[PDB]
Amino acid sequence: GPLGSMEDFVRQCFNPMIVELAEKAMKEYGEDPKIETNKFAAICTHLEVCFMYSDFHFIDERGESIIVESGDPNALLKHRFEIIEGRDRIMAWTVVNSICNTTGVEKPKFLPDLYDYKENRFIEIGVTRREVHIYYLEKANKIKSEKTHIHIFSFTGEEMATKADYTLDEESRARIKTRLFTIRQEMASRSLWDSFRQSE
């Protein structure tokens, strides 16, 4: 088949909110999304996984964790997760500082991706084109000391999470894996996958 542009794929296969947040992040770190395109696609993918990870998860009227897939349910429900990824540095740290002071949890040395109000911990999300165990160690070794939970996804369906604690139900994580599989397949049909995979 013909080789598509990764740019076209990103703009066609991710919603504009994701794409825009991704562009802003790259600009913020001095990289151009029209040159570092594999990174661009990687950043969109990871951002989307972060959103999908928190999607539908609330804390109920009685204070336990429930799943609602409509927009019509109860406004007394609190989102289970705080989303840190996707915010600019100032706002991300503002949110982290707020959480840390409120909940009394320890302040992380690097920006995490999520905060989980049920488990009372920050989460580092990872999405890798390599084997999950290797990438996990790379994360584990950057965060140094840990209260921060790590959860790694691959494009081939493997997961690895701290202490074999996977946080979410199988259905939630299946949605994420299916999306990753779909991204991989679509890249492959445009002959973007091999280049993307080898670039990590």
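Heads up: residue numbers just count along the shown sequence, starting at 1. In this text, rigid core is short for the largest set of C-alphas that superpose within 1.5 Å between two forms.
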Should one compare 122 to 130 and 68 to 76 by root mean square Cα distance from the shown form in 5 other deposited structures of this protein, core superposed, the larger belongs to 68 to 76
Output the stretch, either 139 to 147 or 166 to 174, that has more C-alpha displacement from this form in 5 other deposited structures of this protein following superposition by the rigid core.
139 to 147
Entry B factor averaged over C-alpha atoms, 144 to 152 against 66 to 74: higher for 66 to 74
Between 44 to 52 and 153 to 161, name whichever shows the higher mean Cα B factor according to the PDB entry.
153 to 161
When the CA B-factors of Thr94, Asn120, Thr102, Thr128 are compared as recorded in the entry, which is the largest?
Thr102
Chain third (lowest, middle, highest) by recorded CA B-factor, residue given as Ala174:
lowest
Of the three thirds of its chain by CA temperature factor, lowest, middle or highest, which one includes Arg184?
lowest
So where's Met26 on the chain's Cα temperature factor ranking, which third?
middle
